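The figures that follow rest on heavy atoms only: side chains count, while hydrogens, waters and symmetry mates do not. FYI, the numbering just counts along the sequence from 1.
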Amino acid sequence: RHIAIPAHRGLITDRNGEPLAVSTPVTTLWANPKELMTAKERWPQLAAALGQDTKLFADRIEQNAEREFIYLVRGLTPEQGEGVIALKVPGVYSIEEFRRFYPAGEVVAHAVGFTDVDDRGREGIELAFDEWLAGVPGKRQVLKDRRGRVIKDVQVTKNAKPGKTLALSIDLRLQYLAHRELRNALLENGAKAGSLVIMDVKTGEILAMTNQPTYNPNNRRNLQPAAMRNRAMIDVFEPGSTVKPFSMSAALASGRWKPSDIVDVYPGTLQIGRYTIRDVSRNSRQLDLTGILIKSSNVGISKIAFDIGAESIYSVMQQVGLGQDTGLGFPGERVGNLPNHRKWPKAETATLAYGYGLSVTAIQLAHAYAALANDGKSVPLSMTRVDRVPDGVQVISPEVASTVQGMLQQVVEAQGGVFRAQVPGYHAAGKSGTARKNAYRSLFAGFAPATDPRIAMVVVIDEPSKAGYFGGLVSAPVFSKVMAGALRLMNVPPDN
Ligand SMILES: *[C@@H](O)[C@@H](NC(=O)/C(=N\OCc1cc(=O)c(O)cn1O)c1csc(N)n1)C(C)(C)NOS(=O)(=O)O
């Protein structure tokens, strides 16, 4: 005797108010079979107007002849819905429902996400903020006889309360650029998949989060599972060489190391019992601390790790958020793993230092680079617009963080460095990685402007299927292109 009035779901906008998910009116048709059974001559026209087969439709009504309510179709356009009401079939009733429209479609599919057949969040923000966005359904009183004829909508028991508007931290302008450049990078490199995250180092905001493959959330048929994966938050991977800046932060905080110190890495290998630590380039002897990062020496970083101890390194990585809960509350978001010991064996000490054996998400890696860029201060991650910035936690000392920033600027700008990550007009800083899963993931993590950091970025390219696979070759030019555009879109003054 009482029906549910569906509430208008809260609008999702980007940080500048551009619409990202909009509640659109749709017409749901239901029928009182007992009443339909008195107008059988009308069924074929009704069947056609609903997009059902004549006999299948008549089979469906006959079976439910005793029932007082059945749905005919859900989510017709109010125009298609009018056409059925125009038929004037006895026992046919309509309910005004809501279906989401995603104006930017595939461009921000994984971050915004989508709703199910019931207008409930299923993925991404739609799911995470489902309670805020859903509002509360209405309740009304109706007069119905024995044949089930809806005589009159007597009174409203409770009025439907709409959902609340939500402004994301995402900047659709930076999102379009990140989407486009990641898509082009995947095609050029013949890659299986990719992720790209942009963060505001000062506010903790995620300014862009894109993955490949993507999907159109407006095309509700086919939807391929693999295409719907929000890899940036769900795919865990070994960060490899991109963790070396954190091992270096612990070295500089220990009091035992300064940038001009030297480590002898010759012959480019180091035996630790059954295990052998190996460098890619094996034509070095003495390297200073910056040289260890430029050359990306697994041996160099392992030797520093043995001197300072793995506890100091684990602590920096844990404090920056590697293998830690982001607090974003996205159901199914992976936390990964950061290994821990009471007594760190030599092999585990070395592997921790060069990012082997730990598992992280592109979001955690981006958040960690944000803390280092933000002069050692970690500001809580946010997927919504931050108007009042929360207090950050000083995780790395400002002096150490500033020293590490300078070394990462030399990684990008020095002789033998990652020249493809250079951002024309600006001083950029970062570190490449290559993680053997022969199948690899190409990685680049960095920030800019090196002199006053504003944005951190992580580019992850999964299984590049061309001549070059190293992070410095495959992901570094994507960071370059996306950073050059993002800094200019944010009117960041060039610092070079
Ligand atoms: C840093 O990312 C570092 N990478 C590694 O040491 C890893 N893999 O390497 C690639 C590799 C490994 C092999 O065993 C082999 O036979 C051939 N390869 O090409 C690594 C770390 S964690 C993980 N799962 N794999 C390095 C030295 C390559 N530097 O990265 S970059 O060159 O600065 O990008």
Side-chain angles (χ1 to χ4, degrees), residues 1-10 21-102 114-122 126 133-163 217-223:
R1 296 283 280 260
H2 294 81
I3 64 281
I5 308 147
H8 173 268
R9 188 173 178 90
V22 183
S23 296
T24 52
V26 287
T27 297
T28 289
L29 292 147
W30 71 268
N32 173 30
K34 283 193 178 181
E35 252 192 306
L36 258 184
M37 291 284 292
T38 72
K40 292 188 200 187
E41 85 280 345
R42 308 292 333 270
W43 294 1
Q45 214 160 115
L46 176 62
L50 300 168
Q52 299 298 288
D53 183 72
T54 308
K55 296 182 224 316
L56 295 187
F57 183 84
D59 282 342
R60 206 189 166 207
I61 317 307
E62 282 287 341
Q63 282 161 206
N64 317 315
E66 291 290 289
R67 297 178 181 173
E68 282 263 294
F69 186 110
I70 60 150
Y71 290 95
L72 292 174
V73 76
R74 288 185 76 188
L76 272 183
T77 64
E79 292 77 52
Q80 282 172 305
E82 269 163 299
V84 176
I85 303 293
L87 292 179
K88 307 164 165 199
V89 183
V92 175
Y93 305 98
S94 66
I95 294 172
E96 276 143 83
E97 280 212 292
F98 294 94
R99 186 200 144 157
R100 291 284 235 195
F101 181 65
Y102 299 99
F114 68 92
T115 48
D116 58 21
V117 83
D118 290 302
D119 205 42
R120 302 183 278 233
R122 255 205 48 168
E126 288 280 30
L133 297 160
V136 28
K139 281 261 191 279
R140 57 176 169 103
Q141 192 212 128
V142 285
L143 208 90
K144 276 188 261 184
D145 44 47
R146 256 287 191 272
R147 72 147 159 171
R149 190 165 77 111
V150 187
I151 306 131
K152 52 220 194 74
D153 305 354
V154 187
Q155 61 176 275
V156 279
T157 297
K158 198 203 282 172
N159 267 276
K161 278 170 81 179
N218 293 306
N219 193 48
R220 311 190 145 258
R221 81 185 123 263
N222 149 137
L223 325 141

Self-check item: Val92 vs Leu87, side-chain contact (heavy atoms from CB on, under 4.5 Å): CA-CA, chis, key distance, verdict
Solution: CA-CA 10 Å; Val92 175; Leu87 292 179; over 6 Å; no
Self-check item: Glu96 side, atom CD; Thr28 side, atom OG1 - distance, nearest 0.5 Å
Solution: 10.0 Å
Quiz item: For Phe101, which residues count as a ring-ring contact (aromatic ring centres under 6.0 Å, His included) partner, sequence neighbours excluded?
Solution: none
Quiz prompt | Test item: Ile3 and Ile95 side chains (from C-beta on) under 4.5 Å apart, heavy atoms | solution = no
Exercise. Can you run down the side chain to side chain donor-acceptor pair (under 3.5 Å) pairs that involve residues 40-52, sequence neighbours left out, and say none if there aren't any?
Key: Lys40-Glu62
Exercise. Grab the two heavy atoms, one from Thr115 and one from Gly121, that are nearest each other, plus how far apart they are.
Key: CG2-N, 3.9 Å
Quiz item: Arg100 and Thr24: side-chain donor and acceptor closer than 3.5 Å?
Solution: no
Using atom types as modelled, flag every donor-acceptor pair under 3.5 Å from a side chain in residues 133-148 to any protein atom, sequence neighbours excluded.
from	atom 1	to	atom 2	distance (Å)
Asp145	OD1	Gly148	N	3.3
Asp145	OD1	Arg149	N	3.0

Self-check item: Nearest heavy atoms of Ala49 and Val84, plus distance in Å
Solution: O-CG2, 3.4 Å
Self-check item: Side-chain heavy atoms of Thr27 within contact of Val73, under 4.5 Å
Solution: no
Quiz item: Which heavy atom of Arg67 sits nearest a heavy atom of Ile70, and at what distance?
Solution: CD-CG2, 4.1 Å
Practice problem: Say whether, by atom type as modelled, one donor and one acceptor occur between the side chain of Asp116 and the main chain of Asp118 under 3.5 angstrom. | Solution: yes
Quiz item: Which heavy atom in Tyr102 sits nearest to a heavy atom in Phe114, and how many Å separate them?
Solution: OH-CA, 3.2 Å
Exercise. Report the residues that fulfil ring-ring contact (aromatic ring centres under 6.0 Å, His included) with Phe98, sequence neighbours left out, ordered by chain and then residue number.
Key: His8
Quiz item: What pair of heavy atoms forms the shortest contact from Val26 to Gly75, and how long is it?
Solution: CB-CA, 3.7 Å
Quiz item: So which heavy atom on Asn32 is nearest to which on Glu68, and how close?
Solution: OD1-O, 3.1 Å
Self-check item: Heavy-atom side-chain proximity of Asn159 to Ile5 below 4.5 angstrom
Solution: no
Quiz item: To the nearest 0.5 Å, what is the distance between CE (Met37) and CG (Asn64)?
Solution: 10.0 Å
Exercise. Not counting sequence neighbours, list each pair that qualifies as a salt bridge (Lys or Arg N to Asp or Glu O under 4.0 Å) and has a residue in residues 46-59.
Key: none
Quiz prompt | Sub-4.5 Å side-chain heavy-atom contact between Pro6 and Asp119 | solution = no
Quiz item: Does the side chain of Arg9 come within less than 4.5 Å of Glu126's, by heavy atoms?
Solution: yes
Quiz item: Which pairs with one or both residues in residues 80-91 pass side chain to side chain donor-acceptor pair (under 3.5 Å), sequence neighbours excluded?
Solution: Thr77-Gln80
